Structure formats: C-alpha cells, structure tokens
C-alpha cells in the first residue's frame, strides 16, 4: 500500500539522472543525463500533458464526456494527452503532419484518440489551422491546449523538472543543456535553477538547418522534437547563455554512440542534446563543473526514422 501509486498520473516526472562516461572522453566537466523516458508514456511531454489538463480542469474549461480536447502535435504531446484522456474519460482529437510515423499514430489510436493528418508543406500553420477547424466542429464545446503558448507547459518544469535536477545533483549542477522544441523545459527548469544559483548557465540546442533562435531561416531537418521554425511564446531567449547548433547528421551519429558506448538507446533529439553537452563540457572554463543534459525520449519510439535506416535495410534481408 505505502508506495503503490494511485494511477498512471502519479508515474509522471521524478525521472533519474545517469553519468555519461566513455562517450564523454575528453570532457573536463562531468555530464549527467536526465532520462525523461522513465515515466508513464516514456517522454518529457507526459509532464506538460498532465499540467495542461489539470490547469483546464481547475478553470472548469474541460469536462469529461462533454468537452472535446484538441491539440496540435508532432506526436509526443498527443500521446501524453491521450493516455490521460483515456484514463479520465475525455474525447481527444489531435492534428498532426502526415509525416508522423505510423507507429505513433497506432499508439494514439490504441488510447482511443482521433487522428487528423495535415499537409506537411503547410508547416506549423497547417496543424494550428486544423485544430481551429476541429474546435469549430465541436458541438458541445472544445478546448485547444496550444502547447507553444500555454504557461502550464513551462510552469510544470519550474515546479518539477528543475527541482528534481537541483535535488538529485546535490545542489551541484552548474549548467543545463536542453534542446528547444516548445522551449518549455529550458524556460521553466532554467528559471527555477537560476533562482537557486544565478551562476547556472542555460544552453539551448537547435538544428543547424533551422537555426531560428540564432537568426537563421527555417529549414527542413531530421531532429524530431526540435526546430519548430518559430520562437515559441513560452520561451524567453534572454535567460539563455547560448543556443548550440547541431546538424541532423551529428545528432544521428551521437545517438548511435549513446547506444554503443553508454548502453542507452536514445532518440535523435537526445543525440543532439548530448552532442551539445559534450562540446560545452570540453571547454576549459567548465573544468570541474557538473553539466546536466535533458534526454527527452527513448529510441524505440523512432525505429522507422533515419536514425535506424541502414540497420533496417540489413535486418530486412536476413533469413534462417
């Protein structure tokens, strides 16, 4: 009884950290990775799905069996909303670009969510437009979560992710490295950490092919979860020390090294974040410091992605 969780929502957050060892050869800082796949549905977005649903409930803006929940998503936020909507009795509709993997669409449908695909050429505008169309058709009321502007997104990282890093690092964390998608993680956890110790430095990560935070133009890239092509409303770029640019190729190669050297089967965005943390960790000014890097998800969620393309081809041609 005494440690048994009430339901799946009590399995969100409280994720562990692990040192990076052989992959960090040459670093003069120590690097610890926070493993966001170790929770209810195996990604960081589980935190914001619960936070945004609870916020809407506290305001009476969603009611089970009445309100249609709606979100625009590339997959992980939709999945986070979907398992909680199933548990709590909400109808859920997600708008997603048609390039999202079949695997993530299967997971959404297994939780009973409805999937509406959009034209990839219309970008973020396309999925926001579809979410607005769905809201207009909701006969008994709907609610769009809007994770790029909803304060419950950074706020949950201020309330949980940041405090976990501070406590679990023994208050010794010197820097946070985090890829920026919505920017909620680095905005909320970083705000908390700098309140605890204003010397802590925050490093964003973005694709070098879509380096909008550094003033570049949007462009196509492979780092799923990063590079939305916009500066999200929930992110204040002024608190950042730097936004490190990582190529799709470098992110994929570093993800492969996480599996082969650390035994960690991680996704492309974790590869990008690790590559950035290792670069920062080689700088002489960081000698003896502790760098914490966010790993947002698990590699098993991305087996149809370019991360595994050449392996997939080999395994298809094998027999007994």
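Numbering follows the first chain given and starts at 1.
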Self-check item: Between 131-139 and 198-206 (mean CA B-factor, as deposited), the higher
Solution: 131-139
Quiz item: Which has the higher mean CA temperature factor in the PDB entry, 212-220 or 97-105?
Solution: 212-220
Quiz prompt | Residue with highest C-alpha B-factor in the PDB entry, from 185, 77, 150, 238 | solution = 238
Self-check item: Residue selected from 163, 179, 112, 232 by maximal Cα B factor
Solution: 232
Self-check item: For residue 263, the third of its chain into which the C-alpha B factor falls
Solution: lowest
Quiz item: Which third, lowest, middle or highest, does the CA B-factor of residue 302 fall in along this chain?
Solution: highest
Quiz item: Once the chain's modelled residues are ordered by C-alpha B factor and cut into thirds, is residue 125 in the lowest, middle or highest one?
Solution: highest
Practice problem: Consider only the C-alpha atoms of the modelled residues in this chain, order them by B-factor as the entry records it, and name the third containing residue 273: lowest, middle or highest. | Solution: lowest
Quiz item: When the modelled residues of the chain are sorted by Cα temperature factor, does residue 40 land in the lowest, middle or highest third?
Solution: middle
